Structure formats: C-alpha cells, structure tokens
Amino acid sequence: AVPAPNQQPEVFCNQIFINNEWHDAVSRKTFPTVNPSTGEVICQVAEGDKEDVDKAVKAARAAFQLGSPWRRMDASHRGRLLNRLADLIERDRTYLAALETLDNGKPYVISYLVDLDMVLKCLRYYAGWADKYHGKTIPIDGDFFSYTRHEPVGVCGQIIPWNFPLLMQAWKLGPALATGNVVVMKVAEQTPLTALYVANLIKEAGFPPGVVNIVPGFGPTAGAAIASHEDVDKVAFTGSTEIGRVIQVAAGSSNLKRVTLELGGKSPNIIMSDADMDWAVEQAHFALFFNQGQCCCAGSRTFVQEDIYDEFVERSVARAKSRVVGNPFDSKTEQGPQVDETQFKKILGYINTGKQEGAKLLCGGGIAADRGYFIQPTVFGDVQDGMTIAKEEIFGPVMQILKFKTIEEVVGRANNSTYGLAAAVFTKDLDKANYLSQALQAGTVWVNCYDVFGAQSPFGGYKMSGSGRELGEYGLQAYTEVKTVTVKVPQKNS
C-alpha cells in the first residue's frame, strides 16, 4: 500500500551545506541536474570546488575539537540523534521517495518500498551501535593496566555515486555518526537533491553545526579536493574501480588518510541443474535488471548448467520481454530510464560491442523511447568469458547468459575476474551450496537468493571491487582510531 506520489516535487535545497547553513559556491557557479525521464533540467545546484571543500573541512575540524558539543556528547545521545533523523526521514518518506525518482529515474514504488525502507533500517541499525562499540581491557605482561579507547577517526570525507543517492548516503552517515566522527560529503553531480534535503533534516534532528557538511559538485573538482586535503583523516569512496585508484593515490600523495573503497563488479550468478527453475529465473532476472541494471553487485554473468540451459534461457527471454519500461511514477513501471545521457550512451555502446563480438542477441538491444534515457531490457545468450560484455561492467539492463558443465569448471570461470564484489548460487544440494559458497572469491555470496542486503550483514569486495566493508559491525572498523593506554600499576593481579 503505497501513498500517491507528487510527480513534480518542489526543491527546497540546492546549495552547499556547511555548519548547518546553506551557502552558494565561493565562485557562485552552479550546475544543472536533469530528470532522466524527460531529459529536462530540474533545477540549478551549487557547484562546489576546492575552496568550498576547504571551508567544509574547517567547519568539520572545528566541530571535532576536544570539548566541543559533539565530542562531549554521550554516545547514547548520538544514538538518539540518529534515530531522530530516521524519524524525520520517515515523516518525509513520500516526498523523498518522489524526489529520488525525479532526480534518479528509478520507479517510485521501489524508491518508497525499497530505497527509503533500507535508509531507515540502516540509520536505525547504526543508532544502536552508538554506545556499544567497546574498546578492550588487556591482560598485558608485567605490572601494567592496559586498555584501548575506540576513538573517532576524525574528519571523514565521503564520496558517493548516483545509483542509490539516499541509501549510499545512509551507508556512510550511519557508521560515521554512530562512532562520533564529523563528515564532509561529496554527493554525485547527477543526483544531488535528495542528500541535500536530508542535510536539512540533519539540522532539524539537532546535530551540532559542522558535524555533517555536504558539498555538491563534480568529481575531479570537489571530490579530488577532499581526497587530497591535508586535514581529512579518512576517506570512504563508492564508485568506479577506476576512480577508486585515483582516490587511493591521492591519499598516499597527501596526508596518508585512511582509505576504504566500495567499487564495481561483474558478479556471477551460478544456476545448478537441481535449482528451482521458476525461482532461479525470476531471481536471475532481478539479479541483473534491478535498478535499471545500475547496481554494483549486479549478477551480470549468469552461468547456467547445460542440462537446463535452453529452458532457463527461454524463460529468461520471456521475462525480459514482459518487463514494463516507462514513466517511473506510473505504478505499472518495473524499469525507469538510465541516470543520464553519458550512461545511456555507454550502455548502447556495450550492446553494440556484444553484437560485434558474436554474442547471441535474444531480445531488446535498442532504445525504448524517443524521450528520456530508456533502454530495452536486453539479453545476450551463448556469451563467452573472453567477450567484453562478459568482463566489463555495463551498469545497464543487459544480461549475459553463459553455459557451463561441471562445478569445478564454473568455480574457475566465476573466479577468473579482477572483480569480486558479489556472487550467487542456486541449488537444492547442501554440499554444492557449501562447496561453492566457500570457493567463490566474492564479498557476498547469496544462495537461492540475490540482492539481499541487511544493515547487519557486511558488504564490500574482494580484489578490485574494493577494500574494507560496509554495514554490520564491520562498518565501524574504518571509522575508529584505536588508542592503547598502558598504565604502570603497583602490582598486577588476575
């Protein structure tokens, strides 16, 4: 039961957020943000650059000074504040769900039922962690009392993508704020609106000035400024593997700030012959087409056992063909437009490469509307490992279906990738589930399911899909600076 959306939600925030105040970029320059469904401009947004980031870092640093409201605040109260933020977000759930769709292109029903639900669940999860991330008392040798203090890492720079604007923001603010840090966030230029509105709610929730600062702008400008800043203690990046490299290099070249990376992938979805056919087909479809295929953990390599290959392919094609593409605000819509023109063109480029390489085009393969960035649900069959569409992240509605024979074989092929963000196994056999779930070199391996995210279960990648983990208790590790205090005592006893 979803409330009726406002298909033209008003924009109240489009500037730079620093010290709980709205500012225009120092240069006074702005950039337009487009509605991917119409190709039309929504509004103008403050284009932050290095000088703006510098202002934000100074505000954050200030808020992190020993004896400041944020440093002196009870850990339990940070939990109250995070829960309050979640309440304000839920209060404006219908509005944000619409604004998310307006700016991003994803179906409103999904923004409402999936996106914001996961935002609330994440913040509320982390509100619980606020006063429970214990340090330790250590049984060190000699007459000493040793213990550790789990302190905040300090000023954290958080750079996020455009595929899940609100959720990606939540995945960052939740753990950072729960551990007492201060942030300077760089939202994606393609989808800055929703995160900016949340900042208004952060001020309403009562978070002290400078605790959270949002700088909307471009990557090589605002982004690089954060990653290279001499006073940024930590940087958390989510985006392309390519920019992940740029981020780590910048950290090493600057002040050696701690780094975590949530990059891309080419996750294999393995379908064994003893799989529940209906279930595997519907799930494999979701595994790839979810969020216009714009998901890092997209099951873009569907390996199907040869015995059930034909039937699986047949049903998959049928399901893809029936997938309703259209205006994201229409409840009938299963797939909206791609985020922007650049992405739209890149996907079309890959589709063309798929055909050129000899991949069997089974359906779709072209534009789905003469307005907006709509692409037809595309399916390629008989894909080979060496093919470009089987190695590179397409980030669109393009499905690769490969055929395999043995379990040993599929393990090697699934693992022969520089990525390793996710993986999936569909089987009814206990031994096969365990054999594969252990053999697969991926951050997350789903069995008889896909895209199952839990604020309590960590998510991150193996190899070049990233480093470090988000969500769960693990998501706190990167936002903590450990201090050992070893005190001399008159006489130590057990």
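Residue numbers run from 1 along the displayed sequence.
Participant: So 173 to 181 or 227 to 235, which one's hotter by mean CA B-factor in the entry?
Facilitator: Per the PDB entry, the higher value belongs to 227 to 235.
Participant: Do the CA atoms of 319 to 327 or those of 300 to 308 have the higher mean B-factor in the entry?
Facilitator: The stretch with the larger mean CA B-factor is 319 to 327.
Participant: Maximum C-alpha temperature factor per the entry, among 197, 145, 207, 108, belongs to which one?
Facilitator: Among 197, 145, 207, 108, the PDB entry lists the largest C-alpha B-factor for 108.
Participant: Name the residue from 272, 247, 284, 256 with the greatest C-alpha temperature factor listed in the entry.
Facilitator: Within the set 272, 247, 284, 256, 256 shows the top C-alpha B-factor.
Participant: Please say which third, lowest, middle or highest, residue 377 falls into when its CA temperature factor is compared across its chain.
Facilitator: Middle third of the chain for residue 377's C-alpha B-factor.
Participant: According to the PDB entry, is the CA B factor of residue 350 in the bottom, middle or top third of its chain, that is, lowest, middle or highest?
Facilitator: Top third by C-alpha B-factor.
Participant: Select lowest, middle or highest to describe the third in which the CA B-factor of residue 472 falls within its chain in this entry.
Facilitator: According to the entry, residue 472 has a C-alpha B-factor in the chain's middle third.
Participant: Place residue 20 in the lowest, middle or highest third of its chain's C-alpha B-factors, as listed in the PDB entry.
Facilitator: According to the entry, residue 20 has a C-alpha B-factor in the chain's highest third.
Participant: Would you mind checking where the Cα B-factor of residue 426 ranks among the modelled residues of its chain, as the lowest, middle or highest third?
Facilitator: Ranked within chain, residue 426 CA B lands in the lowest tercile.
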